[PDB]
Amino acid sequence: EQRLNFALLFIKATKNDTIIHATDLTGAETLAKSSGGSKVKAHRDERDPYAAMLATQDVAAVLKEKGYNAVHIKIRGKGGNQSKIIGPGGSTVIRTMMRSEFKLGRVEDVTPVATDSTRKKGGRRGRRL
Amino acid sequence: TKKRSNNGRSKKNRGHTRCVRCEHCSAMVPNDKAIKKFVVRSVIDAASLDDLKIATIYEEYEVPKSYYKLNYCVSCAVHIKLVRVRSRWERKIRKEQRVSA
Amino acid sequence: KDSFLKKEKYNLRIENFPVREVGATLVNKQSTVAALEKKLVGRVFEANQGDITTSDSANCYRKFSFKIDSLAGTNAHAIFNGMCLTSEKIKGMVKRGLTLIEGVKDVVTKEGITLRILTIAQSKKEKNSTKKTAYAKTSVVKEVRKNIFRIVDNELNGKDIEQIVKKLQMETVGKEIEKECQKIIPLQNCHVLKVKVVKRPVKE
RNA sequence: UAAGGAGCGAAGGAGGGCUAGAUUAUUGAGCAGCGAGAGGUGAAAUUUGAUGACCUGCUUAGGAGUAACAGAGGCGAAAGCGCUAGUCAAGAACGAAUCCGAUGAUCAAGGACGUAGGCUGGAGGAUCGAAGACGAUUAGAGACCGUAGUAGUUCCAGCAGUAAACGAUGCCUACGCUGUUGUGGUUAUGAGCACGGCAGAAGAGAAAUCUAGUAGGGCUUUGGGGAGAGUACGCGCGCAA
Ligand SMILES: [K+]
Ligand SMILES: [K+]
Ligand SMILES: [K+]
Ligand SMILES: [K+]
Ligand SMILES: [K+]
Ligand SMILES: [K+]
Ligand SMILES: [K+]
Ligand SMILES: [K+]
Ligand SMILES: [K+]
Ligand SMILES: [K+]
Ligand SMILES: [K+]
Ligand SMILES: [K+]
Ligand SMILES: [K+]
Ligand SMILES: [K+]
Ligand SMILES: [K+]
Ligand SMILES: [K+]
Ligand SMILES: [K+]
Ligand SMILES: [Mg+2]
Ligand SMILES: [Mg+2]
Ligand SMILES: [Mg+2]
Ligand SMILES: [Mg+2]
Ligand SMILES: [Mg+2]
Ligand SMILES: [Mg+2]
Ligand SMILES: [Mg+2]
Ligand SMILES: [Mg+2]
Ligand SMILES: [Zn+2]
């Protein structure tokens, strides 16, 4: 019946935390925002698939209030000269949005890769543990 | 005593090579010596493809993949168990490993 | 104090494609048309070719970018601002045992806009042949690259943007390259990789 | 001359100097949206945020670097060399009925180059980070880990002269088994020439293994049980180290 009213959803997924943030198609207006660390207590759980899932539900609720129906997803890790694998939690944000009623448009990996780069932290020997 | 004929590295007929940084600890390692690993991972997990089939707006959809080459120093490769210690006759066997997902 | 209540939606419109209207954007309500211009003009968005055309599901690998230019009532009108291939396509294309050929060139439209174009091609391994790799010799790569630049100059230099956009849609430059350069060596995956707007002329 | 140097023809290479451009990325500022946490770890604290962080837009300013392709691949006397065009000298190899005719090998003294870190003067200053300062852990940590931070790290003109500067195997020149796989030319398309990798064999060696097989070919360097000692005195170079 109804047309598909679309929003953008950005997802950042590092080793330490996950950040979820909905915007208009222009990226220049913000509709809702949450993080894993907002909902959980212990610092070691901010990357947890569970904390990501709790934080996604709050964002899904506010979007349903503002009257949105469909979503495009752009997802990333940290990149630059650092790690460029998508962290834990990133792939549970997406599955949660699908259990909520939302129709999924398109998914894209938008991690910032460098053609060559500045020097990384850690010294010539690296972390010793 | 000399443990390996190739000194543990792939350099021949050269003076010097570019360095790269270890994924796990950021140590510098020469490119011709570093342990290398290839990854091709779907953006969406296998446990969600059955929901994707009812969530998508398109008639059919192909999931996007993500591609990586990772580098490791000797200590990290041994500790993460990418490689293992082997007997004096096994050391000589060379075979290509699988691409991970 | 629910600020969200106090916002005005406007519809985004585009040209030289089969689909005219693509979505809508918010702003806080304002008294003066001069303010609304200064708030909306300068914004940007991107759209996949598969969304703004009726087409084979294969053509999803390309994105187009548009910059807001003008306001009329409910509608914001937006103009061409570049083209880009999707990350999955770029990363999936590169393979071991083959050579990449790459180029950068600058061109000028009749309208006066200056554009910068990035181009890619890959070598191909012939059939009935048993060597493991099909690398291209360094001097031969310079022959291909020299040819690519005259093809881009012939196709796009001194044209209108209405003409350029349809050439990009139909992928004519890739097709021409594969035809023309086959005499030098066999090639595959010939594509325009990125188009970037460098200078726009001071106009009223 | 399957000794050397000069020259001709077609071609190949991250070899070197210079000129003019480039896609991203990391920081810093401006402005806009949002309204509570971000960072970091095995687990945490220093620390930063309502003077609006984080994240998402648009603008800009700089200084480094050339990912993936990329290899038991290529080039260089070694140290070393990876974006694109244009320009300037010289060299290696190959093809062949070109020219001169012993012009040659190795080398005390003497001369030129030499990663990095260091020093003298100028330019500049993104990222990283000796010293120094904190937060934790410990009997104690001055260390390892985290926050922060300076000299240096870049460029031009020079000094210095050391490295596990290693394939730990001097340079010319010989005689020598097989199979396989590369790179660049040439081809009666059968093969060759230069530079490599790999796997056996036979000999060799205390073995491990083989740049180590055979041998009164030529020339230089160099060792003679551990320690004290690459130290004392004298001398030569260096601004000092
Ligand atoms: K954490
Ligand atoms: K928290
Ligand atoms: K809390
Ligand atoms: K060396
Ligand atoms: K190795
Ligand atoms: K040059
Ligand atoms: K130096
Ligand atoms: K200290
Ligand atoms: K203490
Ligand atoms: K420290
Ligand atoms: K730092
Ligand atoms: K010198
Ligand atoms: K000297
Ligand atoms: K020495
Ligand atoms: K050689
Ligand atoms: K011996
Ligand atoms: K002395
Ligand atoms: Mg350890
Ligand atoms: Mg031992
Ligand atoms: Mg702000
Ligand atoms: Mg490159
Ligand atoms: Mg010559
Ligand atoms: Mg220095
Ligand atoms: Mg000698
Ligand atoms: Mg003695
Ligand atoms: Zn490591």
Side-chain angles (χ1 to χ4, degrees), chain A residues 8-12 14-17 19-24 26-38 42-44 46 74 76 79-82 84 112-125 127-129, chain B residues 1-3 5-7 9-18 20 26 31-32 36 38 67-69 71 88 92 94, chain C residues 3-4 7 26-28 38-39 41-45 67-68 90-91 93-106 116-118 120 122-123 131-133 135-142 145-146 149 193-194 196 198:
Chain A
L8 275 167
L9 188 72
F10 293 99
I11 305 167
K12 194 176 162 180
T14 65
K15 184 172 65 49
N16 282 334
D17 205 354
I19 325 291
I20 304 159
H21 161 60
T23 66
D24 168 70
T26 319
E29 286 300 355
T30 300
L31 307 166
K33 188 155 69 78
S34 73
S35 70
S38 304
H43 294 163
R44 65 170 88 180
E46 304 180 343
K74 304 215 303 183
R76 74 170 189 99
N81 58 13
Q82 303 191 26
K84 63 176 77 192
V113 299
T115 291
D116 225 34
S117 80
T118 54
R119 196 174 163 121
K120 195 186 182 178
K121 196 167 84 176
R124 165 184 192 78
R125 267 203 279 181
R127 299 189 72 235
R128 278 90 73 194
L129 72 158
Chain B
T1 194
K2 184 166 170 184
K3 190 165 176 175
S5 61
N6 70 353
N7 303 124
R9 67 189 304 186
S10 59
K11 185 189 84 175
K12 287 194 179 294
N13 292 321
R14 266 172 277 299
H16 181 268
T17 53
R18 176 198 291 195
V20 299
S26 303
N31 186 54
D32 62 283
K36 289 141 195 170
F38 300 90
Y67 296 82
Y68 313 87
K69 181 185 187 182
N71 300 316
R88 280 176 77 178
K92 303 178 88 183
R94 291 170 73 108
Chain C
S3 189
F4 172 78
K7 301 200 181 195
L26 278 69
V27 201
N28 306 60
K38 288 176 87 178
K39 286 290 192 173
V41 180
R43 287 184 177 185
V44 172
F45 62 89
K67 164 79 82 70
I68 299 187
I90 297 171
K91 284 178 178 69
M93 156 176 168
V94 53
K95 185 181 190 279
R96 285 174 79 89
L98 304 173
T99 299
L100 295 176
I101 303 94
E102 284 167 284
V104 181
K105 182 157 193 65
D106 292 10
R116 181 161 293 134
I117 321 291
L118 264 67
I120 196 158
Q122 182 157 225
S123 66
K131 195 191 278 288
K132 316 304 176 180
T133 63
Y135 302 129
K137 199 137 57 193
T138 304
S139 62
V140 159
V141 166
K142 281 205 196 289
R145 195 186 280 115
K146 181 187 278 176
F149 292 170
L193 179 62
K194 197 171 203 176
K196 175 169 176 185
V198 182

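As a basis for the values below, the full set of heavy atoms in this structure was taken, side chains included, without hydrogen atoms, waters or symmetry mates. Proteins come first, then strands; the chains are lettered A, B, ... in the order of their sequence lines, and each starts at number 1.
Here the side chain of B:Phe38 is nearest to one of D:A44, D:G37, D:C69, namely D:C69. Of all nucleotides listed (D:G167, D:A68, D:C54), D:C54 comes nearest to the side chain of A:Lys33. Considering only side-chain atoms of A:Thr118, the nucleotide from D:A85, D:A64, D:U56 that sits closest is D:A64. The side chain of A:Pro112 sits closest to D:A25 out of D:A25, D:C34, D:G37. In this structure, the nucleotide among D:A85, D:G167, D:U24 sitting nearest to the side chain of C:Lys142 is D:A85. Nearest nucleotide to the B:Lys69 side chain, out of D:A22, D:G13, D:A68: D:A68. Of all nucleotides listed (D:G33, D:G57, D:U209), D:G33 comes nearest to the side chain of C:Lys39. The side chain of B:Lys11 has D:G167 as its nearest neighbour among D:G71, D:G167, D:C198. Considering only the side chain of A:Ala28, D:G57 comes nearest among D:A72, D:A67, D:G57. When distances are taken from the side chain of A:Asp116 to each of D:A85, D:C34, D:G65, the shortest belongs to D:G65.
A negative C1'-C2'-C3'-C4' angle places the sugar of D:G230 in the south (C2'-endo) family. Using the sign of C1'-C2'-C3'-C4' as the criterion, D:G213 is classed as a north pucker. For D:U51, classification of the furanose by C1'-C2'-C3'-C4' yields a south pucker, on the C2'-endo side. With its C1'-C2'-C3'-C4' torsion below zero, D:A212 shows a south sugar pucker. The pentose of D:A112 belongs to the north class of puckers. Its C1'-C2'-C3'-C4' angle has a positive sign.
Nearer to the 5' terminus of RNA chain D, by closest-nucleotide assignment, is the contact made by A:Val113 (compared with the other of B:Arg14 and A:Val113). In terms of position along RNA chain D, the nucleotide closest to A:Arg76 lies nearer the 5' end than the nucleotide closest to the other residue of the pair A:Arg76 and B:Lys2.
Residue contacts for B:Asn7: at a heavy-atom cut-off of 4.0 Å it reaches the sugar-phosphate backbone alone, with no base atom in range. Counting any heavy atom pair closer than 4.0 Å across all strands shown, A:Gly27 reaches a base atom. Looking at heavy-atom distances under 4.0 Å, A:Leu129 makes contact with sugar-phosphate atoms alone, never a base. Using a 4.0 Å heavy-atom criterion, one finds that C:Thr133 contacts no nucleic acid atom at all. Counting non-hydrogen atoms under 4.0 angstrom, B:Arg88 reaches the backbone sugars and phosphates but no base. Contact annotation for B:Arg18: base contact, defined as any heavy-atom pair under 4.0 Å involving a base atom. Within 4.0 Å (heavy atoms only), A:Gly37 reaches sugar-phosphate atoms of the nucleic acid but no base atom. The residue C:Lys131 sits close only to the backbone: its heavy atoms come under 4.0 Å of sugar-phosphate atoms, none of a base. C:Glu102 comes within contact range of at least one nucleobase, with a heavy-atom separation under 4.0 Å. Counting any heavy atom pair closer than 4.0 Å across all strands shown, C:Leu193 reaches no nucleic acid atom.
Within the 4.0 Å cut-off from OP1 or OP2 of D:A70, at least one side-chain nitrogen or oxygen of C:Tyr135 is found. In this structure, C:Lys196 reaches the D:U24 phosphate: one of its side-chain N or O atoms is under 4.0 Å from OP1 or OP2. When the side-chain nitrogen and oxygen atoms of A:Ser35 are compared with OP1 and OP2 of D:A38, one or more of them lie within a distance under 4.0 Å. Contact annotation: C:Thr138 reaches the phosphate of D:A14 (side-chain N/O to OP1 or OP2, under 4.0 Å). Phosphate contact (OP1/OP2 of D:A130, side-chain N/O of A:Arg124, threshold under 4.0 Å): absent.
By the Watson-Crick or G-U wobble test, with both distances required under 3.5 Å, D:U186 and D:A96 do not count as a base pair. Remark: the bases of D:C219 and D:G170 meet in a Watson-Crick or G-U wobble pair, both edge contacts within less than 3.5 Å. Taken together, D:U24 and D:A207 do not qualify as a Watson-Crick or G-U wobble pair under the 3.5 Å criterion applied to both distances. The bases of D:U103 and D:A3 line up as a Watson-Crick or G-U pair, and both contact lengths stay under 3.5 Å. Nucleotides D:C159 and D:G118 meet the pairing criterion: a Watson-Crick or G-U wobble pair with both donor-acceptor distances under 3.5 Å.
In this structure D:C235 sits in no base pair that meets the Watson-Crick or G-U test at under 3.5 Å. Across every strand in view, D:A85 sits in a pair with D:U19 that passes the Watson-Crick or G-U test at under 3.5 angstrom. For D:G110, there is no paired base (Watson-Crick or G-U wobble, both distances below 3.5 Å). D:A68 makes up no base pair with any nucleotide shown, lacking Watson-Crick or G-U wobble contacts both under 3.5 Å. Using the Watson-Crick or G-U wobble rule with both distances under 3.5 Å, D:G121 pairs with D:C156. Here D:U147 sits opposite D:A133 as a Watson-Crick or G-U wobble pair (both hydrogen-bonding atom distances under 3.5 Å). Using the Watson-Crick or G-U wobble rule with both distances under 3.5 Å, D:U60 pairs with D:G28. Using the Watson-Crick or G-U wobble rule with both distances under 3.5 Å, D:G196 pairs with D:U181.
With hydrogens and angles ignored, no donor-acceptor pair under 3.5 angstrom links the side chain of C:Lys95 to the base of D:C69. For a distance-only test at 3.5 Å, the side chain of A:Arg119 fails to qualify as a donor-acceptor partner of the base of D:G65.
Taking atom CG of A:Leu8 as the reference point, atom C1' of D:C55 lies 14 Å away to the nearest angstrom.
A distance-only check finds a donor-acceptor pair linking the side chain of B:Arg14 to the backbone of B:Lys12 [under 3.5 Å]. Side-chain atoms of C:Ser123 do not come within 3.5 Å of backbone N or O of C:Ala136 as any donor-acceptor pair.
To the nearest 0.5 Å, atoms NZ (C:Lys7) and CD (A:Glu29) are separated by 4.5 Å. Here the OG1-CD distance, from C:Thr99 to C:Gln122, works out to 8.5 Å after rounding to the nearest 0.5 Å.
Distance check on atom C1': D:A72 versus D:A85 gives 34 Å, rounded to whole Å. Look at the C1' atom in both D:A25 and D:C145: the space between them is 28 Å, to the nearest Å. When the P atom is compared between D:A126 and D:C198, the two are found 49 Å apart, to the nearest whole Å.
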>> Between B:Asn31 and B:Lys36, is the side-chain contact (heavy atoms from CB on, under 4.5 Å) condition met? List the steps.
In response: CA-CA 9 Å; B:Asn31 186 54; B:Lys36 289 141 195 170; 4.3 Å; yes
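More than 12 heavy atoms of other shown residues, nucleotides or ligands fall within 6.0 angstrom of atom CZ in A:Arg128. Heavy-atom contacts from other residues, nucleotides or ligands closer than 6.0 Å to CZ of B:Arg9 number more than 12.
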